[PDB]
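Taken together, the values in this text are just the output of simple stated rules run on the coordinates, not laboratory data. Please note: Cβ atoms are built from the backbone with ideal geometry, for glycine as well, and neighbour counts cover all protein chains shown.
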Ligand SMILES: *[C@@H]1O[C@H](CO)[C@@H](O[C@@H]2O[C@H](CO)[C@@H](O[C@@H]3O[C@H](CO)[C@@H](O)[C@H](O)[C@@H]3O)[C@H](O)[C@H]2NC(C)=O)[C@H](O)[C@H]1NC(C)=O
Ligand SMILES: *[C@@H]1O[C@H](CO)[C@@H](O[C@@H]2O[C@H](CO)[C@@H](O)[C@H](O)[C@H]2NC(C)=O)[C@H](O)[C@H]1NC(C)=O
Ligand SMILES: *[C@@H]1O[C@H](CO)[C@@H](O[C@@H]2O[C@H](CO)[C@@H](O)[C@H](O)[C@H]2NC(C)=O)[C@H](O)[C@H]1NC(C)=O
Ligand SMILES: *[C@@H]1O[C@H](CO)[C@@H](O)[C@H](O)[C@H]1NC(C)=O
Ligand SMILES: *[C@@H]1O[C@H](CO)[C@@H](O)[C@H](O)[C@H]1NC(C)=O
Ligand SMILES: *[C@@H]1O[C@H](CO)[C@@H](O)[C@H](O)[C@H]1NC(C)=O
C-alpha cells in the first residue's frame, strides 16, 4: 500500500560501486520526489539527495541518484571508509498526506 | 488586490512530479501550481474568499446535475504566473448514481500532445504484444513441419534443427 | 451572411499564431502517421487470419486457443472446425 | 448458415486528435492598463492647457 | 530446465514522454523596464510640485 | 551558519511529560517548516509531525496526537515540544529538522509540504525508565 520498502543491508568492496534500491507505490515515489538521507552511526542524519538526482552542496560527487517510475536507486562509487552508514529513502505520500521513510540500507563496508 | 478573471468548469487537475497542472479546455490553458497550497484562512484573501466560495457553490449548483458530488475543500493555489486558483474537486457518486498568457496555452499544447501520444503509442504496444503472442503459437505449430526454417527466421541466422 | 469590420485592436505579440501553427502541424502529422500504421496493421492482420485458417487444418485446438487466449479443444471435420470439451 | 466465425481481427482503432481552436486570452484590458498609472500624461497636459 | 525456451517476441519497449513544467521566463524585470526611460514622469511631476510648493 | 541546537539528554518516568527545545541559527526562524522525527536506539527513523513557526499550526501522527503541546518563541527563535503521557516505547532520540518548504510565499502564507529535511539538529536522547 502506502509504504516504502528498501533492502535491509548492503555490502561491497572499496573502489567498487554499490546500488541501494527504494521501492514505492503508485503514490509517493510514483508521482513525487525521492529524497535520500545519510546517517553515520552515532551521529545525526544528514541529507544526501535533495531531489531525484540533484546533489546538495558539499556532498561528495561519488553519490548519484536515479528515478524510474515506482522505484529509485542510489549509486555509491569509491565506497571509502566514511561511506559506512545507514541510507534512508523518503518521499511525500499524498494518500496519507505524510512523508514516508524506509527501513534502512546499512552499508557494512 | 485580487480581481475575478475567469471561472472554468470541468477543469482537470493532474499531479506531476513537482507541480499540479490545472488544465482547462474552455480557456485552452493549463496553469502550473507548486504542490503546497496557499493557506486559505490568510489575511490577503479576505476580499475575494467569500466571492470565490460563492462562485464555486453557484457553479456546482448550476453546471453539475445530481450525478456529481463535491470532493475536498476549496483549496487555494498560487500559480507560477501570479494567478490565484480556487479549486473544488468533483466526483461521480458510487451506488447512489504575466499580462500575456500565451504560456498558459503553450503548456496546454504540450499536455494535450504528450498525453495523447503517450496513449496512442501505448495502444499500439498492447496490440503488438497480442499479435506477437499469437505469432509464437503459429511458430510452434509450424515448428512441427520445418523446425530449421522457423529457427533461422527467429534468430536471423542459418540454423539446422530437426523435429 | 457577410459581416462588417468591428474595429478591434491587433495583438502585438503574435506568438498565438505560431502556437496554433505548431498544434496544427503536430496534430496533422500524428494523425497521418497513425492512420498509415492502422492500415498496415489491418492488412497484416488479414494475412495472419489467412495463416490461421490454413494452420487450422493441422491443429485446430492450438490455433483457436491462441486466438481466444484460453484452453479450447477443437476437432477438424472438413471445411468447418468443431468445438468440444 | 448457423456456424460461428472466428473473430481474429486485433482491433487497433486510434481515435484521431480532435481540433483545438486556441483562444486569444485577454488578462488586462486596455482600460486597466491605462488606469494602472498614477500619472496620466494626457490629463496633466490638459490641466496645463 | 535443461531445455531452453525460444524467445520469439520482437520487443517494442517505448519509453513514454516525460512531463515538462515550462518556466515562466522573464528577461527584463520591472526595475529595468522602469529604468530604461530617460524621462521618468513621476520624477518630473515631483520636481514640478516641489517648484510649486517652494 | 545554518544550524539547529537541541537540549541535552533527558530522563523521565512514565506518566510524566518531557520538553524538547529546538533553537535555530543562521536563518530566519519563521520562514521554514520544522519536522519533528523520532528514532529508537536500535531501529529506523519514524516521522512524528510538522510545525509552522510563522503561524503556529502543527500536525502529528495519530500516535502523538493529543499528547503533544507545541509552543514557540520568536524572540529566542526556539520551538518547544512537550510530550505527555509517556510510555515505555518513547525511549528514543528526537530530531528537529528545518524543511525547505517556506511558510510564506512572496505574497501569501503556504500550507505544509515535504521538500526535504536539509538541516538536522544534533538530536536529543530521551529515556523513559521507572
Ligand atoms: C493558516 O492561517 C491561520 C490563521 O492565519 C492559522 O490558524 C491558526 O492556527 C493556530 C495554530 O493551530 C491557532 O492557534 C491556536 O488556537 C487555539 C484557539 O482555540 C488555541 O487552542 C491555541 O492556544 C492556539 O493559539 C490560531 O488560533 C489559528 N488562527 C485562526 C485565525 O484560525 C492556520 O494554522 C494556518 N494554516 C497552516 C499554518 O497550515
Ligand atoms: C473541510 O472542512 C470541514 C469543515 O467545514 C472539515 O471537517 C472537520 O474535520 C475535522 C477533522 O476530522 C473534524 O474534527 C471536524 O469535526 C470537522 N468539522 C468541522 C465543522 O470542523 C474537513 O476536515 C475539511 N477537509 C476535508 C478534506 O473535508
Ligand atoms: C455589402 O454591403 C453592401 C452595402 O450595404 C450590400 O449591397 C446592398 O445591400 C443591401 C442590403 O443591405 C441590398 O438590399 C442591396 O441590394 C445591395 N446592393 C446595392 C447595390 O445596394 C452588399 O450586398 C453587401 N454584401 C454582402 C455579400 O452581403
Ligand atoms: C560521473 O562519475 C561518477 C562517479 O561516481 C559515475 O558514477 C557516473 O556514471 C559518471 N557520469 C557519467 C554520465 O558517466
Ligand atoms: C446551492 O444549493 C444549496 C442547496 O439548496 C444551497 O444551500 C446553496 O446556497 C446554493 N448555492 C448557491 C445558490 O450559490
Ligand atoms: C449529469 O452530467 C453528467 C456529465 O456528463 C452526465 O453523464 C449525466 O448523464 C448527467 N445526469 C443525468 C441524470 O442526465
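Summary of values
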item	result
Crossing angle, helix C:15-56 versus chain C [Cα axis fit, 0-90 degrees, rounded to tens]	10
Mean separation of Cα contacts under 8 Å, 6 or more apart, over the residue count of chain C: relative contact order %	14
Listed peptides F:4-15, A:35-46 by packing density, highest first (mean Cβ within 10 Å)	A:35-46, F:4-15
Cα gyration tensor shape of region B:43-123, rounded if a/c is under 1.5, else prolate or oblate by comparing a/b with b/c	oblate
Pairwise centroid distance, computed over Cα atoms, of region B:72-137 with region B:19-46, Å	16
Residue mean of other protein chain beta carbons inside 10 Å, B:153-159	1
Helical contribution to [θ] at 222 nm, DSSP H n ≥ 4, -39,500 (n - 2.57), averaged over chain C, rounded to 500	-21500 deg cm²/dmol
Cα-based radius of gyration of chain C once divided by 2.2 N^0.38 Å, which approximates compact folds	2.32
Fraction of antiparallel bridges per DSSP, the protein assembly as shown only, in percent to nearest 5	95
Share antiparallel - DSSP beta bridges, chain F, percent rounded to 5	95
Cα-based Rg / Dmax (Å) for chain A	13.2, 41
Length added when fully stretched, residue B:153-residue B:126, from 0.36 nm per residue minus Cα-Cα	7.4 nm
Per-q log10 I(q)/I(0), region F:1-123, q = 0.11 Å⁻¹ (Debye; single scatterer per alpha-carbon; no solvent)	-0.35
Residue with peak Gaussian network fluctuation, chain F [Cα springs, cutoff 10 Å], from F:72, F:38, F:85	F:85
Inter-chain shielding of A:95-103 (mean C-beta neighbours from other protein chains, 10 Å cut-off)	4
Shielding by other protein chains, A:42-55, mean Cβ within 10 Å	3
Distance from region F:102-130 to region C:1-71 (C-alpha centre basis), Å	51
Protection-proxy order for peptides C:5-16, B:139-150, each taking the mean of Cβ atoms within 10 Å per residue, highest first	B:139-150, C:5-16
Sorted largest first, extent of chain B alpha carbons per principal axis (Å)	85, 42, 25
Relative contact order for region A:1-46, counting Cα pairs under 8 Å that sit 6 or more residues apart, in percent	32
C-alpha center-to-center spacing [region A:26-45, region E:23-54] in angstrom	49
In degrees, nearest ten, helix E:41-52 long axis to first principal axis of chain E (Cα)	20
10 Å-binned pair-distance histogram of the protein assembly as shown (Cα, whole percent)	3, 11, 16, 18, 18, 15, 10, 6, 2, 1, 0, 0
Global geometry of region B:84-137, whether rounded, prolate or oblate, following the gyration tensor of its Cα atoms and the 1.5 cut on a/c	oblate
